[PDB]
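A, B, ... follow the sequence lines: proteins, then strands. Residue 1 opens every chain. Only heavy atoms go into these numbers, but all of them, side chains included; no hydrogens, no water, no symmetry mates.
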Amino acid sequence: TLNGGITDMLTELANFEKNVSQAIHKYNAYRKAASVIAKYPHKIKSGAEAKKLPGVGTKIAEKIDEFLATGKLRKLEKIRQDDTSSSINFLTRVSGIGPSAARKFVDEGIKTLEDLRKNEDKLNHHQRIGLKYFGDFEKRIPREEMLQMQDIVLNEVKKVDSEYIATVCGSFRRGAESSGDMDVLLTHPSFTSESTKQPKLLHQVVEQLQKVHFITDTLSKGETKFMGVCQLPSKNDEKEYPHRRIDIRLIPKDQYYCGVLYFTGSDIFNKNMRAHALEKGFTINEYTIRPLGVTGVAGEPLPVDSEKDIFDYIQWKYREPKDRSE
DNA sequence: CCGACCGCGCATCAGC
DNA sequence: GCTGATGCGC
DNA sequence: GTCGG
Ligand SMILES: Nc1nc2c(ncn2[C@H]2C[C@H](O)[C@@H](COP(=O)(O)OP(=O)(O)CP(=O)(O)O)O2)c(=O)[nH]1
Ligand SMILES: [Cl-]
Ligand SMILES: [Cl-]
Ligand SMILES: [Cl-]
Ligand SMILES: [Cl-]
Ligand SMILES: [Cl-]
Ligand SMILES: [Mg+2]
Ligand code: NA
Ligand code: NA
Ligand code: NA
């Protein structure tokens, strides 16, 4: 919040480039700058001071001067007044509707929450659930509620097979007092990078969760990735809790650390760390860390027995989850 | 300059 | 049916 | 939009 004005501005510019301009790199450029400045322990007094941080170049430096001077940015004021941009931005807030779909809907006159509702026939399954819970997915989840959700999931998973290990990751694992959703890493001895000794490993869990009415909907589902909706049970006479987004990722047991590193994030932190890995000659995904051969082709998985082993490989001092919130 | 910008699962489409 | 490109998301 | 070679 120290530099909240500036970071909000950069985020708005990032989302604009992503949703309207469909310019992913400009999007990521603004995000990075926002991230670097959010972490900066001083109240920025000028663009120049900001340019000193990696990620802030000449352009963002100017915008920061304009912002610090007037408390606003013309580029944004104009964008806010543009109907197409505003429409596209709004629609992209529905889960399942990205930049393309949003622009197409607008081409059909479907630009508001009202238009989306009377045109359900024009939405795929995911987008349909996104609209249904449009308001709920906008609410944050207090950590207290994340703890109740954690307890349900672990206990339910345990009932299916005592050997399943479910680990809540994402911002929750990073210690956040509130999370946008719940992220669950799931492992089972029958599933290793070596073999899948038992089928329906993810299915059984999803099934058990739906049975106790925890999982309410399904956006998408595969052998290793589940993307849906869940809701805590409410007591007698009390207003029921909001529906929450939930992701469940089944990863080979023997590749847990690369998996938990990945799911703990943050997303930006992962991008920076993977980028750094490359510079050091490695490549990192959710399954392994491999060296980059002379020809650039990835080599064989390197042995890993902790998240720290991954950090060491790329010559980075270990960073506890709570400090990976970039 | 100017090329790189992390890496991957699922849903959906077009071409065969 | 399949493979691959594209959208969307984590 | 920013950066490093
Ligand atoms: N390499 C990558 N990894 C990624 C990426 N997007 C997401 N992720 C990883 C890291 C996230 O923590 C994790 C969960 O995804 P989530 O969106 O839930 O992020 P949280 O950190 O939990 C913030 P919250 O608002 O939900 O509290 O998935 C990506 O582009 N590239
Ligand atoms: Cl771009
Ligand atoms: Cl503004
Ligand atoms: Cl691992
Ligand atoms: Cl791999
Ligand atoms: Cl921590
Ligand atoms: Mg999350
Ligand atoms: Na800079
Ligand atoms: Na969306
Ligand atoms: Na998530």
### Task
Look at the rings of A:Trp316 and A:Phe269 and say which category their plane angle falls in: under 30° parallel, 30 to 60° tilted, over 60° perpendicular.
tilted

### Message
Taking pairing as Watson-Crick or G-U wobble with both contacts under 3.5 Å, can you name the mate of B:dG3, or confirm there isn't one?
### Response
none

### N/O (side chain, A:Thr283) to phosphate O (OP1/OP2, B:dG7) under 4.0 Å
yes

### Task
Could you check D:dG1 and say if its sugar is north or south from the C1'-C2'-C3'-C4' sign?
south

### Query
Between A:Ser220 and B:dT12, is there a side-chain N or O to OP1/OP2 distance below 4.0 Å?
no

### Query
Any side-chain N or O of A:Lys59 less than 4.0 Å from the OP1 or OP2 oxygen of D:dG1?
yes

### Query
Under 6.0 Å from the six-membered ring centre of A:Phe172 and within 45° of its axis: does the NZ or CZ of A:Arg143 meet both?
yes

### Message
Over all strands shown, is A:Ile24 touching base, sugar-phosphate only, or nothing at heavy-atom distances under 4.0 angstrom?
### Response
nothing

### Query
Under 5.5 Å between ring centres and under 30° between planes: does that hold for A:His25 against the base of B:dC5?
yes

### Task
Nearest whole angstrom, please: distance from the P of C:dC8 to the CG of A:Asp267.
18 Å

### Message
It should be established whether A:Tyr27 places a side-chain nitrogen or oxygen under 4.0 Å from OP1 or OP2 of nucleotide D:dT2.
### Response
no

### Task
Between D:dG5 and B:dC5, how far apart are the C1' atoms? Round to whole Å, please.
15 Å

### Query
Taking the inter-plane angle between the rings of A:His243 and A:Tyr133 on a 0 to 90° scale, is it parallel (under 30°), tilted (30 to 60°) or perpendicular (over 60°)?
parallel

#### Entry: Whole angstrom value for the distance that separates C1' of B:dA4 from CG of A:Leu278
10 Å

### Message
If I take atom CZ in residue A:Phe137 and atom P in nucleotide C:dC8, what distance separates them, rounded to the nearest angstrom?
### Response
18 Å

#### Entry: Protein-nucleotide distance (A:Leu13, atom CG; D:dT2, atom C1'), rounded to Å
15 Å

#### Entry: Salt bridge A:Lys104-A:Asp107, side-chain N to carboxylate O under 4.0 Å
no

### Message
Partner lookup for D:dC3, please. Criteria are Watson-Crick or G-U wobble with both distances under 3.5 angstrom; report none if nothing qualifies.
### Response
none

## Note on the structure
Result for 5'-nearest mapping on DNA chain B, choosing between A:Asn270 and A:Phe226, is A:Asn270

### Candidates B:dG7, C:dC8, B:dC6 - which lies nearest the side chain of A:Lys271
B:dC6

#### Entry: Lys/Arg-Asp/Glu bridge criterion (N-O < 4.0 Å) met for A:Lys32, A:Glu326
no

#### Entry: Short side-chain N/O contact from A:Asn28 to OP1 or OP2 of B:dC5, under 4.0 Å
no

### Message
D:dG1, OP1 or OP2 - any side-chain N/O from A:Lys26 closer than 4.0 Å?
### Response
yes

### A:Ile129 CD1 to B:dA11 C1', straight-line distance once rounded to whole Å
14 Å

#### Entry: Protein-nucleotide distance (A:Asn15, atom CG; C:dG9, atom P), rounded to Å
12 Å

### Message
From C-beta outward on A:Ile60, which listed nucleotide comes closest to its side chain: C:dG9, B:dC8, D:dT2?
### Response
D:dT2

### Task
Hey, which sits more toward the 5' end of DNA chain B by its nearest nucleotide, A:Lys221 or A:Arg31?
A:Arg31

### Task
For the side chain of A:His126, starting at C-beta, report the closest nucleotide among C:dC8, C:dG9, B:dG7.
C:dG9

### side-chain contact (heavy atoms from CB on, under 4.5 Å) assessment of A:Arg31 paired with A:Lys271
CA-CA 11 Å; A:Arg31 301 168 79 196; A:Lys271 289 176 67 290; 4.1 Å; yes

### Pairwise P distance, B:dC6 and D:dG4 [rounded to whole Å]
15 Å

